[PDB]
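Below is one structure, written out as structure tokens; comments come after it.
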Amino acid sequence: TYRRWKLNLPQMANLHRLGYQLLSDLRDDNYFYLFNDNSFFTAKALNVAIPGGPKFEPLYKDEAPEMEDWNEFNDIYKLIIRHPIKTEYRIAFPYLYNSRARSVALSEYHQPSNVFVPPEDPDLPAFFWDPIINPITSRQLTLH
Amino acid sequence: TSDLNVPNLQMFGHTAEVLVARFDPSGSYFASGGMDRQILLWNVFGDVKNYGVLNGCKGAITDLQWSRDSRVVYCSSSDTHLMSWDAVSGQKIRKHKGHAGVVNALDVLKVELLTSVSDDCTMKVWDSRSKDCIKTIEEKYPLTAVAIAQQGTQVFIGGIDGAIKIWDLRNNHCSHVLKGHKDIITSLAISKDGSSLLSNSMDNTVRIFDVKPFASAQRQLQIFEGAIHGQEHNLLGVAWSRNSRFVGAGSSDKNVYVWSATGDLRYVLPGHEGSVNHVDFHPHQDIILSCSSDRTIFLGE
Amino acid sequence: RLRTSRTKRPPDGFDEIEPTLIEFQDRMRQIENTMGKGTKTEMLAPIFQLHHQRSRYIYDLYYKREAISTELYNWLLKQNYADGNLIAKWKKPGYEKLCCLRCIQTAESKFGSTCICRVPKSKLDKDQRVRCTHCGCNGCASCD
Amino acid sequence: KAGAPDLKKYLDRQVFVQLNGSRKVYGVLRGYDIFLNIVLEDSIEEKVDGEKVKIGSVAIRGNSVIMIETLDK
Amino acid sequence: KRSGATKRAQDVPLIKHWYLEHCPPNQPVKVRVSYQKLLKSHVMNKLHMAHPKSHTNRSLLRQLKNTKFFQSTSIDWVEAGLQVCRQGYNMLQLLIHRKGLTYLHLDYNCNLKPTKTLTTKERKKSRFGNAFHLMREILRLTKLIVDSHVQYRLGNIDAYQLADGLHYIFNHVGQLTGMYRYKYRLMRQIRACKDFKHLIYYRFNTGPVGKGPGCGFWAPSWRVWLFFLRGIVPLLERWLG
Amino acid sequence: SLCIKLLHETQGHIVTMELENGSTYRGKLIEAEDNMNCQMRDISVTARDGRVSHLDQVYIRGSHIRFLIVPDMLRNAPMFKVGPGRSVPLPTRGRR
Amino acid sequence: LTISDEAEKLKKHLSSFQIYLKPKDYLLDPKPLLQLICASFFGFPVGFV
Amino acid sequence: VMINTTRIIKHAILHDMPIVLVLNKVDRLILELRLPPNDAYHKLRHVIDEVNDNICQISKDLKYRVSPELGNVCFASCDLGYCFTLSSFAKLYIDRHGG
Amino acid sequence: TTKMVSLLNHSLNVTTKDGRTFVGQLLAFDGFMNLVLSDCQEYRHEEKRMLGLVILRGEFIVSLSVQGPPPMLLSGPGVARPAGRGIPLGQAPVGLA
Amino acid sequence: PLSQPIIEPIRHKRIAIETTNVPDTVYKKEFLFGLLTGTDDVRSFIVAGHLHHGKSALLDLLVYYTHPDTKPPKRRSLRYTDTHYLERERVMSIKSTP
RNA sequence: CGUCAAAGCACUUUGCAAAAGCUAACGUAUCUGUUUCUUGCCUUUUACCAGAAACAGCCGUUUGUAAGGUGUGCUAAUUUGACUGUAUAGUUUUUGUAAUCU
Ligand SMILES: O=P(O)(O)O[C@H]1[C@@H](OP(=O)(O)O)[C@@H](OP(=O)(O)O)[C@@H](OP(=O)(O)O)[C@@H](OP(=O)(O)O)[C@H]1OP(=O)(O)O
Ligand SMILES: Nc1nc2c(ncn2[C@@H]2O[C@H](COP(=O)(O)OP(=O)(O)OP(=O)(O)O)[C@@H](O)[C@H]2O)c(=O)[nH]1
Ligand SMILES: [Mg+2]
Ligand SMILES: [Mg+2]
Ligand SMILES: [Zn+2]
Ligand SMILES: [Zn+2]
Ligand SMILES: [Zn+2]
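Line by line, the protein sequences give chains A, B, C, D, E, F, G, H, I and J. full-length UniProt numbering applies: residue 243 is where the first sequence begins, and numbers increase by one. Letter by letter, the second sequence follows residues 36 to 146, 149 to 338 in full-length UniProt numbering. full-length UniProt numbering applies: residue 3 is where the third sequence begins, and numbers increase by one. full-length UniProt numbering applies: residue 3 is where the fourth sequence begins, and numbers increase by one. full-length UniProt numbering applies: residue 436 is where the fifth sequence begins, and numbers increase by one. full-length UniProt numbering applies: residue 2 is where the sixth sequence begins, and numbers increase by one. full-length UniProt numbering applies: residue 395 is where the seventh sequence begins, and numbers increase by one. full-length UniProt numbering applies: residue 247 is where the eighth sequence begins, and numbers increase by one. Letter by letter, the ninth sequence follows residues 3 to 47, 60 to 86, 94 to 118 in full-length UniProt numbering. full-length UniProt numbering applies: residue 100 is where the tenth sequence begins, and numbers increase by one.
Here it is, written out as structure tokens:
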């Protein structure tokens, strides 16, 4: 019936080597910062579009001047301009950088970065000091 | 003329033929079982609904027996086993193995002693906890029914031969047989006092014998006709009234036969669609229980 | 089933019995192509006759004359050269000369009964001693 | 298996030992063993009368030690 | 892992991470658009995620196998495909007859062409519906696939040509069948196959390998059509019933 | 060992123990061992006759203990199952 | 030992520690196998307490 | 040690709070960073020294000092499920091998 | 030693090497036969003293006995409906026709 | 507005993970209350550190042992003592749960 | 690994029932349809465009349980569960500082 499989370590290593063209090489998940699913849900809700991602329909067409008033709140007169508020800000912190924040979704804030680098050659031992790692030298302390 | 809500109550359930249905000795419950490998527990008074199902048996419930404690249930299985079912919790207590064929009948004792017969031509005595036959009796031809006297030394076994054999467990002297039948004995039953033996045989005659150490010969008290057996060779039961003055039996002609134990037929009431396997009487009131191979059982007066 | 020239060579005892299996296939092709002279079910009887004969040939090779090793026999059962279930029936008492498996199954009959060929002829009247409609069997009973 | 008794806090301290049979010995603990075998130096023995006889360096078997007691606050 | 649960063949995407990540730089406009559109479809799929509802196991084939009218055996896939094509052709032919439309010819490639000039009466009577035509076009696609496999089995083409032809068939349904006419919602599947073609070609034709026939990576397009069929099966069964 | 675990549980409380002599000890248990060697504080020694004396720091060897009177509220202490190799009764989460 | 797929050596070594695992447990994912081995070898985190 | 760790240490020592240090994610030294055992020891020691420096920046008292030999530092891997100290391995050895 | 387990939560009297007797509820025991008794009474010589939670040494114990037993189904498919018996006009076994 | 329902639907605003009934622990609750009330075996402290350094996993380690019913989730860490749908969304602690 | 207990066991076919309780992948995959709205293209309908809400369908998955099939066993095989599981006369419990009298 083929409902469960169990493979050895050599077999799995061989299959991983043989199909190496067709799998990702990220292992970190921090790569998808504003380009993950929940950010896309937020962007769809806010009608903004990350410039590499999809574009949908507004989902909220109620923006007519029914109030007929600028509300003397968002006016330039009483606002300190320092930097433009990009849409990346509106997506990363959906509840702070935009009012009318409905149907947005929150995304995972951060993940511990992966510090694994695959070995280049099998001759080297499994546990070996990588020259990329900075040396442990901190003669800059004042202990007891 | 009793506490039943309706004088007649047809009881539905089961998915196959029902082979046994016996009242609780207290008189408030009764269980039934058949070819669907399930035992159902009933409420004699009230809503008359199921509160428990005894699942787990791997064969037809050929026979079952209530315990005096009215808390454990012993069942006879066609799969060569005898299980003890805890009625209150519905869990398998023990499974007595040791036969070599379909075990046809079962009986309990007044003291925790079980007896049974099977097609391997043997009868076995079981302790409620020993899980093994303490005593084995080996016959030439398959046996079909047993009855144990509540005093606790005599067992009556009935088989193909057509002569009831009375065995003393301690003595092992068997030189006393209740001759008179000429065909297979379907069932046996003992009176409340333990003084008379009730037998049914496939020669269509229901006879009554006396269980006394002394007799004036022709231990045959009287015989009854009318209750007939069909061609399916079913094991039709006989019953004893609470006052032991009415004897009852089932028949393959869908009629329940009740007698006065004095030779005159009293009730011949019909109502079943198929062969009537088992019959019993309530120990307190004047109820009668019917058990037939038409997936149904009837409550009585 | 079908084998290529580049496939794993069958066990050692195969080549002695290859020609007779090829001949079995030849007659199967002939029976497939031959048409007419029967009802919608009658024309499909020689198929079962030949299938039973081939499976019986393999069963005879193994279990009565021991002319083949168990590895080759298991290989033959795996490659559908013989019916495993039919042989399983042949190996148990009462079914030594079973014709086919459609004459044993009771769900394919009108009244939930096995085929007529299964009944011993000593219990059968002279008039109703006919050829089975499923496969043309003329008595499967081990007694006969 | 066995276990080392916890007596580091009692090392090099005026200690009082009770033996079996109503014996009583002073001393400063200098060592111990797995079986609570102890070693005492400049110890003093008491009798039932109470006269203090200096007893010397002492190596008590642990099997006879009932209690080990210190007096400091 | 070292231990799993053997998903089905079409439940393994094999290139989903290609477009879940960012687009590689310096790609032409159409490739970037393809990446974005496939990502959009995936996002819409995830947004309307419904926790599956509880239901007892039912399956058509087990119910059919229970009956006495259905038997079972083990045959080659190509033989089964030829049988399915022939049976569908016979069913459509029997349906064209029984209506009197014996002047319409359903040739073996499933084209419905009149054998003579039809009058207004005949032209009005011989007009079929969307269900019949959609089934005819699905049958035509099935015959295309089975005929490619048959060509391979005869030695007319080798394995590489067969894989390339299957990829071409799956990417070019809109040009080979014309099934879009009777159900225009197929254009989602056609656009998806075009986008998969863009990704696979531009990750395939890199370096020494250039432009031309030869790319036979047909798994993604094949599963796209399988997932179209999953939804269209009940609709056609209702319509044909 | 569950009894030794309860003795360790006692630590910090006032436990009464009587030794093979017959004298009972009333003080605060501060340490305990698998051998049941005990350390006590502020002990009120009641000899076999009944004379009352007072001790401050003792180290009673475990081989000379008869029994102990543990404070009552320790009757609800949890009795963990102990596997074969484990030497201390602790909550378990592995195989056993 | 847990990671590198050495069933017999790990089995013998844990037998020396009286840590006994069911035979299906060695055929586990690397990470739950590590968790099981560490929860049997190191018991309750009593050092922290 | 990061910026929030520094802030927590400063505020805790400022308020006279005893500190117990847990060196978490030890398994990443073995399975992820793949350091040899000696380099791993150096990394652990460097982290403890940095923590002690952050403590000393507020009060050079010897009462506030974290070091495994004081039983004040725990090596842990809460994902794999262990948290031991020097004493927890000394006792783990002792239970097996005697007195 | 599986029988030793069966005395948990029972009430036990233990005669000791000294000669006393403790009565109480058994909570846990040990390989060295260290007994933990709850709500323990002392039988000297008989005088009654409440003791409480008591841990016995193994050596102290001589013998023990118990004085008191340990302290302390789903549904069905059948349905009942009243009905009457219907008399059939035939008199023959079901098999015979 | 049309959006306003005439008959308001029944809504239960749940904000945190909160079991209806007390889960079974390895120890008895009366023992814990006795320890808290009449014993000096109680320790009050906080678990603090940097972001994602593992302070909630440390408490999950003890919870796994004292609560046998809890099992690790499928795709992430248990992060017991988060108990806020916002925190379960950001996968980080925002409130100080005792 | 060991002791104890009950269950023949491994593979497999079919039926029946169930599958979030503590915020979470029944399915790391992914189609279709109906109703009510808002849109796009629009000469009228089907077929359509793309967003929402409420509903359904189909392709699959897991578990429990019942009855069978095949291969091997009952003159033993395997599986599941439970377990307060180990030595030892040489001081910290079980191979006796006992008897003596009081
Ligand atoms: O239709 P497009 O996706 O734009 O691709 C077409 C063309 O397809 P058609 O034959 O359907 O027009 C080829 O693709 P196949 O037909 O081979 O699938 C061809 O592909 P190769 O050149 O790789 O053979 C080439 O695509 P490209 O030039 O991107 O490689 C070309 O593209 P243009 O339409 O832009 O010419
Ligand atoms: N590899 C590895 N990962 C760990 C370990 N301990 C925790 N993690 C992971 O570290 C991440 C953060 O764990 P948390 O428990 O949320 O850490 P945290 O301190 O609660 O994070 P904050 O609450 O925001 O401060 C999760 O992915 C944990 O699985 C460990 O010992 N080893
Ligand atoms: Mg946290
Ligand atoms: Mg019009
Ligand atoms: Zn046949
Ligand atoms: Zn036949
Ligand atoms: Zn036949």
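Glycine included, C-beta positions come from ideal geometry on N, C-alpha and C.
{"Query": "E73 of chain I and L65 of chain I closer than 8 Å at C-beta", "Result": "no"}
{"Query": "Within 8 Å of chain G by C-beta, residues of the segment 66 to 96 of chain F in sequence order", "Result": "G84, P85, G86, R87, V89, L91, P92, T93, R94, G95 and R96"}
{"Query": "Extent of the continuous beta strand (DSSP E) to which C329 of chain H belongs", "Result": "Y328 to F330"}
{"Query": "Unbroken alpha helix (DSSP H) run spanning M570 of chain E, endpoints", "Result": "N565 to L589"}
{"Query": "Below-8 Å beta-carbon distance, residue 127 of chain F vs any chain J residue", "Result": "The shown model of chain F, from 2 to 97, leaves out residue 127 of chain F, and the question about it has no answer."}
{"Query": "The segment 40 to 70 of chain D: positions lying closer than 7 Å to chain H by Cβ", "Result": "none"}
{"Query": "Contact check, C101 of chain C vs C134 of chain C, beta carbons under 8 Å", "Result": "yes"}
{"Query": "Length of the line joining the Cα atoms of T537 of chain E and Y619 of chain E", "Result": "29 Å"}
{"Query": "Cβ-based burial, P655 of chain E [other Cβ within 10 Å; buried from 16]", "Result": "buried"}
{"Query": "Through-space distance from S398 of chain G to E362 of chain A, alpha-carbon basis", "Result": "19 Å"}
{"Query": "Limits of the beta strand (DSSP E) - the one that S13 of chain I falls within", "Result": "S13 to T18"}
{"Query": "Local conformation of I40 of chain D per DSSP, three classes", "Result": "strand"}
{"Query": "Within 5 Å of ligand 5: residues by beta-carbon to any heavy atom", "Result": "C:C101, C:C102, C:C105, C:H136, C:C137 and C:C139"}
{"Query": "N-terminal and C-terminal residue of the beta strand (DSSP E) that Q255 of chain B is part of", "Result": "No beta strand (DSSP E) holds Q255 of chain B; DSSP gives it neither H nor E."}
{"Query": "Listed by chain order, chain H residues near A433 of chain G by CB distance under 9 Å", "Result": "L326, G327 and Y328"}
{"Query": "Within-8 Å CB hit, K306 of chain H to chain J", "Result": "no"}
{"Query": "Distance CB(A30 of chain I)-CB(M80 of chain F) smaller than 8 Å", "Result": "yes"}
{"Query": "Contact list for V38 of chain I against chain F, beta-carbon separation under 8 Å", "Result": "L3, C4 and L7"}
{"Query": "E19 of chain F: first and last residue of the uninterrupted alpha helix (DSSP H) it sits in", "Result": "That residue, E19 of chain F, is in no alpha helix (DSSP H); its beta strand (DSSP E) goes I15 to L20."}
{"Query": "Inter-stretch contact (C-beta, 8 Å, three-pair minimum) for the segment 636 to 650 of chain E and the segment 597 to 606 of chain E", "Result": "yes"}
{"Query": "Residues bridged to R311 of chain H [DSSP beta-bridge criterion]", "Result": "According to DSSP, which records beta bridges pairwise, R311 of chain H is partnered with nothing at all."}
{"Query": "Contact belief for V71 of chain F with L9 of chain I at Cβ below 8 Å, rounded distance in angstroms", "Result": "Not confirmed; about 20 Å, so no contact."}
{"Query": "As assigned by DSSP and simplified to three states, the class of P417 of chain G", "Result": "coil"}
{"Query": "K5 of chain I Cβ short of 7 Å to ligand 3 heavy atom set", "Result": "no"}
{"Query": "Within 8 Å of chain H by C-beta, residues of the segment 5 to 18 of chain D in sequence order", "Result": "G5 and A6"}
{"Query": "Among B:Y294, B:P179 and B:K127, nearest to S153 of chain B - alpha-carbon criterion", "Result": "B:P179"}
{"Query": "Cβ neighbours of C42 of chain I in the same chain (closer than 6 Å, five flanking residues each side left out)", "Result": "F24, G26, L65 and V68"}
{"Query": "Identified DSSP bridge partners for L99 of chain B", "Result": "B:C110"}
{"Query": "Residues that DSSP places opposite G287 of chain B in a beta bridge", "Result": "B:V293"}
{"Query": "Reference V30 of chain D, options D:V19, D:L38 and D:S24, closest by Cα", "Result": "D:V19"}
{"Query": "Neighbourhood of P42 of chain B by C-beta, 6 Å cutoff - its chain only, sequence neighbours within 5 removed", "Result": "none"}
{"Query": "DSSP state of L94 of chain I mapped onto helix, strand, coil", "Result": "coil"}
{"Query": "Under the three-state DSSP convention, the category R189 of chain J falls into", "Result": "helix"}
{"Query": "C-alpha gap between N300 of chain H and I255 of chain H, whole angstroms", "Result": "7 Å"}
{"Query": "Ligand 2 heavy atom lying under 7 Å from the CB of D273 of chain H", "Result": "yes"}
{"Query": "Through-space distance from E350 of chain A to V190 of chain J, alpha-carbon basis", "Result": "6 Å"}
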